[PDB]
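**Q** what's the 3D shape of this:
(one chain, ligands or ions: 1)
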Amino acid sequence: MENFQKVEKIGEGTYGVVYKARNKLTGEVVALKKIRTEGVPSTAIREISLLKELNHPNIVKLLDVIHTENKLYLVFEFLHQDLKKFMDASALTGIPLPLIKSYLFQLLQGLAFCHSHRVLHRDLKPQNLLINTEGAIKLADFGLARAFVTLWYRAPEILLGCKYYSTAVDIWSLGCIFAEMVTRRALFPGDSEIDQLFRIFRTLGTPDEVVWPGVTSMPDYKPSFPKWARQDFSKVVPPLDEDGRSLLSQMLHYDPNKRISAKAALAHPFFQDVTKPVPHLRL
Ligand SMILES: Nc1cncc(Cl)n1
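**A** Numbering: from 1, shown residues only. You can find the structure just below:
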């Protein structure tokens, strides 16, 4: 669009290309997202406009929505790095625990806010968690999945065909990201839906009616699933301490009604000693 000078292709997102651009009437540097045709659905336009009001320090600001020439562009605040690259950058040492804790705490604050207004992300992953030089982390693309690819962070209720899923799906994803920050490997790197489900089962045990009432009646559940025994969390995420492991287990409860809420996770003892360190980042 005419008011924006693209400076660089930053990536191919879920919905289209993401550019770093500069606005000419403000001089502001932004992330420009092209979405994707019938002439942009009217409901998607209405959903997106609700998102313009969903403002929080831990949510990447939706600056503008440009519906022009029957195309849709989302203009976001720009951040220089994402958690995926920072994790790759931090592979030999690992992200220090104080920083992991600060990031998780801030992300939960973001989720708690969105969840309080009944907005889910649905597709959390390291690539859409954006970090700055101030030690802040922010959720990008919040609300876009409902308004409009890796399986690694997808909740089991989604994999099992539950169509009416809750905010709990975001808590699952963030637990997976938390484990990954700690161990420097992805928790459940599935490369198909069955492989994702079966990786989850191999670590947390195949779910049954005892841990997850109603599970065997879910659309894609099969009596023929193999029955793996649950592994111990001390084997899954060493050398995370007892507080972190305790929290992680609650974030990874099979039953979405049992799974910890963002708001209850913020009160967890793990965060008793949270701080806000600044990361070392080269831009
Ligand atoms: N890659 C980027 C940078 N800033 C904001 C967004 Cl939404 N994406």
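
**Q** Any idea how many residues pack against the residue of the stretch 1-150 of the chain found nearest the ligand?
**A** In the stretch 1-150 of the chain, the residue that lies nearest the ligand is residue 31 (3.2 Å; C-beta to the nearest ligand atom). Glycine gets a C-beta too; all of them are placed from N, C-alpha and C. Residue 31: 21 surrounding residues under other C-beta atoms under 10 Å.

**Q** Looks to me like it is in a strand.
**A** Yes - with DSSP: H, G, I helix; E, B strand; the rest coil as the criterion, residue 31 is assigned to a strand.

**Q** thinking it is in contact with residue 76, fair?
**A** Yes - with contacts defined as C-beta atoms under 8 Å, residue 31 counts as touching residue 76 at a distance of 4.3 Å.

**Q** what is in contact with these two at once?
**A** residue 60 (C-beta atoms under 8 Å, 6 or more residues apart in numbering).

**Q** Name the residues of the chain found near the ligand, please.
**A** Applying the criterion C-beta under 6 Å from any ligand atom, the portion of the chain that neighbours the ligand consists of 10, 18, 31, 60, 76, 78, 79, 130, 140.

**Q** rerun that using 5 Å as the cut-off
**A** When proximity is defined as C-beta under 5 Å from any ligand atom, the chain approaches the ligand at 10, 31, 60, 76, 78, 79, 140.

**Q** Filter those residues down to the ones in strands?
**A** Among the residues of the chain next to the ligand, the ones falling in strands (DSSP state E) are 10, 31, 76.

**Q** pretty sure the first one is touching residue 20, no?
**A** Yes - under the criterion of C-beta under 8 Å, residue 10 lies in contact with residue 20, with a separation of 5.2 Å.

**Q** Would you map the strands across the chain?
**A** Defined through DSSP E, the strands belonging to the chain, from first to last, are 4-12, 17-23, 29-34, 62-68, 71-77, 81-82, 129-131, 137-139.

**Q** out of the ones you listed, nearest to residue 44?
**A** Among the strands of the chain, the nearest to residue 44 by C-beta to C-beta is strand 71-77 (7.6 Å).

**Q** Enumerate the positions of the closest one that are buried.
**A** Along strand 71-77, these residues count as buried under the neighbour rule (16 or more other C-beta atoms under 10 Å): 72, 73, 74, 75, 76, 77.
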